[PDB]
Every structure is written in structure tokens, then in C-alpha cells.
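The chain below stands alone, shown as C-alpha cells; this is the form deposited in one PDB entry.
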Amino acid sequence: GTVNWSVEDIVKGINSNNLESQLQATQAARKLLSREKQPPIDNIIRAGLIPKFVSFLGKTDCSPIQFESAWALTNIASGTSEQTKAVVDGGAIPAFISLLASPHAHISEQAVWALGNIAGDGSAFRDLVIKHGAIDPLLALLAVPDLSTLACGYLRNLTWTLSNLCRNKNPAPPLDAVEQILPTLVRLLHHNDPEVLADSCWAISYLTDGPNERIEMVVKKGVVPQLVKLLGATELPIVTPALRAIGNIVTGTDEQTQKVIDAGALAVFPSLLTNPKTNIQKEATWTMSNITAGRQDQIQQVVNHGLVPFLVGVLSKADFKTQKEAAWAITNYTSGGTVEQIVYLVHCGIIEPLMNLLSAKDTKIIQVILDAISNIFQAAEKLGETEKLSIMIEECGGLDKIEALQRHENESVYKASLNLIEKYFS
């Protein structure tokens, strides 16, 4: 019936003076734009159909053409930035916001998904959607005593859209909008559906990706324990953003980091630091690098939870990018830790994997490792054990790497390598 029409025939129907013919042609267009192999979006746009679709959004009298045009538009709006812009310039944002309160669930849901793709395209459109007033009617869609009474796909859609209103930076979303959305987000964060939980976590990871002030806004709603719980989930799509969110939070103050530790997060890290998914291992190690950059009492908790051996593990063998994160975790630990904490670290075997990484063709990790070696010597000085440390390093072939670093291209490494040779290796 409306299957494989040409653009020319769609234009003919949409331009006819017959609502039924227009509906028929709009559905044809929706099916065209839904096809999997290269949907002819730009031809639809060139034909001038977006303004017509938009006007159809306002036909309260004919709910089927509201739905088909909403769907056609949503297909276009999920495309490139240029294609999304074409939809916005057609006046679609307020028309979609009007449709949020539609008595038809299918139409309301279509409006939710359209606004999510528009807002998700970038900071400016996100903020434009907020300015047109989308948040109140979106939130009102979730105003029921129990989320479990809503349709599943409906809830997932609302959650996904809410997370796009939280999503980009330069600038981050308006403080007022974040505060308006955060309580609904906290509620969705305890909802038992894996996809809703994943998208709520993504939303929280966006909101915590910024200065300590924005971290505090989230942390003050009390979500850190639920985030830590989700950190232990079995679904990787949940774990990934829960870990991103935790990672962001420990870039904050000592107090904000302490909330993560108090919630029990460290006990999840033996499995995260040995996780089969490379990016989970890398983000867990980055997270550890920010915790070892904290207070000595926070370093001590890392020690107590048995995590130092796992850091030695990741330094010894991991994806290189992960090894780089572990190098940073070690330099931060040695820069801030007590003498006893540094001694313990050497007792766990850090020296040989640290020296082995001096072979890396990566200038910045070399400085990180050299600084770390210097920090450990500084601790050995206060105990008069610089010589025993020297021999350790010399036994595992560390000297060879260091006397070579001497020769190589970089500013600071040259300077750093000489100093160590001159001062601790006769």
C-alpha cells in the first residue's frame, strides 16, 4: 500500500488537498525513512517536506497523521547534525513539546524520542529544548506512585531522553535544569530494568563530569551507595557508566572521594582491576589513580583492602593504556604516601614491573615512572636504605634502562636520569 513509494509520489500526495491522501503519503514517507540500507533522508529534505510534517504535528483532529509525521521527523532527527538542524529550523521543538501531553501514548512517546535526538545532538540544541520548556512535561510523564505500572519501552525512552538533557559540555547543562531533573534521576536509578539503570547511570556520569561543584550537586542527593551497588552488577552496560560516574566523583575533593570509599567501592576493585573487558580495567585503574592521590588515610584504606597487589598486577601485564594509568596510580601513591606505605609497596613487588616499563616508547609515562622511582628513593633516604634499593633496581636490570634513558631525546628524562645515576648509583 504505502511500501517503496518514490519521493516524487510522496510529494504529490502531501501536496494534494486531501487529508487522507496526505496521511497516505506521510506514512509512505515514514516507511521510506525507516528502511535499513541508506534511508533517503536528504532527498526528503530537498523536496521541502519537513515544514509539512511539522504542520501535521499540530492536527489534533487527525491523530494518525500526527503519529506518522512525528515518526518521519524522528527518523530525520536521528541522522546527522545537519539533518537534526533541518528539523529544528522547521519549528519542530515546540510542536513536539505540545505532543508530550497527547492522549495517545504512541504519539507522546514519539515526541519524547524526537526531543531526545534533538537535545542529544549538542549543547546548544539541548539548551534550546530546555528553553522551550520540555523538562516539566517530560517529568510529569513519570509522576506515578510506582514506575512498574508504566510500559517498559515507554520508560526506557523517557530515561534515554532525560539522559540526553544531561549529556554534553562547553557549556554543561544549566544548573537549574540539573536540579529539576536530579530527583527523577535518583528514582530511575533504583528502578529494576537493566536498560533504565544503564541510562540513569549514563546520566549521572555526564553530570559528574565537571568541576567539584557539579559533583557535589549529585553526591548530595545520596546516590553514591546505589552507584557502588550498580558497580557490582553483572550487566556490562550497567557497570560501564556506574564506573565512569564513580571515576568522575573521585576526581573531586577528599571529602567526595571518602564518600565513595565509605560506600564500599574498594571491595569491587579486585574484579574490576582484573576484568576481561579492557576498558573496564583501564577506567578502574584511572579511578584508583585518583584515590591514591588522596589523603594518607585514604591510601591506607587502599592498602587495607588488599588492592596494592592488584596494582602491581596491572603494572606487570595489561593493555598499555591501562599500564599507563597504573603508573600514574603508583606515582600518586608514592608522592603522597607515608614511608611505611611506600615500604609496603616495595614489599609487594612494584620495582621490577616499574623498571620494565622504562622500555616503553612513550615519553610521558617515562617521566611518571622516573618521578615515582625518585619518590621511593626519598623514602629510603629517611631509613638509610638507598643502597639496598639501588641493588634491587640493579638486579632486575633497572639500571640498564635508566642509564640508557640518559641518551634519549627528551628534555626532562635526560635531567631525571642523570640525577638518579649521580645520586644513588656511585
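Start at 1 with the first residue shown and count on from there.
One more form of this protein should be noted, the form deposited with a partner chain bound, which is absent from this view; the next part is about it.
The partner chain is not drawn, but in the deposited complex it has a heavy atom within 4.5 Å of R167. Among residues of the shown chain, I45 is not one whose heavy atoms approach the partner chain to within 4.5 Å in the deposited complex. Shown alone here, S78 lies within 4.5 Å of the partner chain in the deposited complex, counting heavy atoms only.
Put simply, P64 is far from the partner chain in the deposited complex: not one heavy atom of it is within 4.5 Å. Just one of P137, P94, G264, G120 comes within 4.5 Å of the partner chain in the deposited complex, counting any heavy atom, and that one is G120. None of 141 to 149, 266 to 274, 127 to 135, 159 to 167 except one has non-hydrogen atoms within 4.5 angstroms of the partner chain in the deposited complex; the exception is 159 to 167. For a residue to qualify, one of its non-hydrogen atoms must sit within 4.5 Å of the partner chain in the deposited complex; none of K229, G232 and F310 qualifies.
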